[PDB]
Amino acid sequence: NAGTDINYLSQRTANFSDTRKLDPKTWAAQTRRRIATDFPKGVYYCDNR
Amino acid sequence: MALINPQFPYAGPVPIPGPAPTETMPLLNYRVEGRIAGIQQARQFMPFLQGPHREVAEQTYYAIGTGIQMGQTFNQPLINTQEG
């Protein structure tokens, strides 16, 4: 599904601090900044380069 | 490093219309005084710890004691009367 079954995605440290807690449409907005399109349905990319 | 043509030479530059001489001169831009605003906090609730970590875990020990050592009823050997 294209984001309609996920509340949010995050990268928290030690049950301590969310660093990129985003809903699935803002999470994909950081992907379009990177690969200039969207990955297919259900695929979620996280860049830490 | 051009070569002078002796058959068709030319002279130096003649005056041409100009670009209104004050409009090529800029103003010197006038800085006012500034301030890094606000009263800064002394510390920050950081999302990561600032100390070292350990790559591997090492097994630790603590000493224990055994107990009160008792006597025993041994099975005792036979007498060496030249059979042994």
For chain A, Rg(Cα) over 2.2 N^0.38 Å is 1.16
Under 19 Å from a point 7 Å along the Cα-to-Cβ line of A:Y8: which residues of the stretch A:28-49 have their amide N that close? A:28-31, A:44-47
Distance from chain A to the stretch B:7-38 (C-alpha centre basis), Å: 52 Å
Per-residue HN-Hα couplings for the stretch B:2-15, Karplus 6.51 cos²θ - 1.76 cosθ + 1.60 at θ = phi - 60°, whole Hz, x for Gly and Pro? 7, 8, 6, 6, x, 7, 10, x, 9, 9, x, x, 9, x
Note down the magnitude of the dipole of chain B about its Cα centre, charges +1 on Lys and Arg C-beta and -1 on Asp and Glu C-beta and zero elsewhere, to the nearest 20 debye. 480 debye
Say the dipole of chain A comes from +1 at the beta carbon of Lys and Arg and -1 at that of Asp and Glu; which of A:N1, A:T37, A:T13 then lies farthest toward its positive end? A:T37
So if I place +1 on the C-beta of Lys and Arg and -1 on the C-beta of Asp and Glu, and nothing else carries charge, what would the dipole magnitude of chain A be about its Cα centre? I want it in debye, nearest 20. 180 debye
Nearest 10 degrees, 0 to 90: what angle lies between the long axis of helix A:24-35 and the longest principal axis of chain A (Cα atoms)? 70 degrees
With 10 Å bins from 0: P(r) over the protein assembly as shown, alpha-carbon pairs, percent: 6, 12, 10, 11, 11, 10, 11, 10, 6, 4, 2, 2, 2, 2, 1
Along each of its three principal axes, how wide is the spread of alpha-carbon positions in the stretch B:6-84, in whole angstrom units, largest first? 147, 59, 14
With a sphere of radius 12 Å drawn around the Cβ of A:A2, what net charge do the other residues whose Cβ falls strictly inside it have (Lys, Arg +1; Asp, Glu -1)? 0
What is the calculated FRET efficiency for A:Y45 to B:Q41, with r their C-beta to C-beta distance and R₀ = 22 Å, to the nearest 0.05? 0.05
Residue order, fewest to most beta carbons within 10 Å, for A:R32, A:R49: A:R49, A:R32
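So basically every Cβ, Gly included, is an ideal-geometry build from the backbone, and we count neighbours across all protein chains shown. Read-outs: derived from the displayed coordinates by stated rules, not from any lab.
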